[PDB]
Every structure is written in C-alpha cells, then in structure tokens.
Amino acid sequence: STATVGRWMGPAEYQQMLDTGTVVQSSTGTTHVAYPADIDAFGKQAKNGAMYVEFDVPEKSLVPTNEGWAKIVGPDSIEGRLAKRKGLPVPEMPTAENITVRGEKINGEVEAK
C-alpha cells in the first residue's frame, strides 16, 4: 500500500532520487514530507530555486508525527540510532515511485504544475 507525498527539494535531491528510485537520506537523516501532498503545505518555507516534487512511497515507511506532516526516518537519523540501540531493525530509505515535478519557487513566488 502506497501513499502520495510532496516535498520541496533542490535539484540534486531530485536527480538522485530519480536515478536511484529511492528517497534520499537528508542531511539530518530525517526527510519531512507533505501528507497528503500539497504544494502549499510548505511552499512558504521553501527556498528560492527549489522544486516541489510529488512521489509514491510505501505507507508503512511514514512515521507518526502528531503534526500535519509526515516523516521518513533514515539509518543515520537520531531516531535510527535510537532504534539500533534498542535492538530494533535499522530504518531503511524506501522506494519512491511516480516521481513528478509539480511546482517551482522562483523569486519568492510559488508556481504550480
């Protein structure tokens, strides 16, 4: 079972994700996403030159946040490091399918599709 999510990212993340077919582990090891996907969810916080990209991941890979967004946890995140110490399985970056560019942020303004 899969869920469509949305994320604002740099082109380098976009390309790596496309090439590997897998979600890229972020600089903190934690990848925040808009669920359900919405360009407007984090469009304000997004940096100029960023791309809004929607993609499909297994629903099971989405970790509960008690907030209006979802997150994907990687092996080197603090959550992953805690999991290993507790003898839990190492979190793994899930597959990402139907990767589609749905927006861009140019000169402080958000454009859809």
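Residue numbers here begin at 1 and follow the sequence given.
Handout entry: 4-12 or 102-110, whichever carries the higher mean Cα B-factor
Key = If you average the C-alpha B-factors of 102-110 and of 4-12, the larger mean comes out for 102-110.
Exercise for the section: Tell me which of 52-60 and 37-45 has the higher mean C-alpha B-factor in the deposited entry. Expected result: Looking at the record's C-alpha B-factors, the answer is 37-45.
Exercise for the section: Classify residue 80 as lowest, middle or highest third according to the C-alpha B-factor given in the PDB entry, relative to its own chain. Expected result: Lowest third.
Exercise for the section: Taking the chain's C-alpha temperature factors as the reference, tell me which third residue 29 falls into: lowest, middle or highest. Expected result: Bottom third by C-alpha B-factor.
Practice task
Going by the recorded CA B-factors, say which third of the chain residue 96 sits in, lowest, middle or highest.
Solution key: As the PDB entry reports it, the C-alpha B-factor of residue 96 lands in the middle third of its chain.
Exercise for the section: Among all modelled residues of this chain, ranked by Cα B factor, put residue 87 in the bottom, middle or top third, i.e. lowest, middle or highest. Expected result: It belongs to the middle third of the chain when residues are ordered by C-alpha B-factor.
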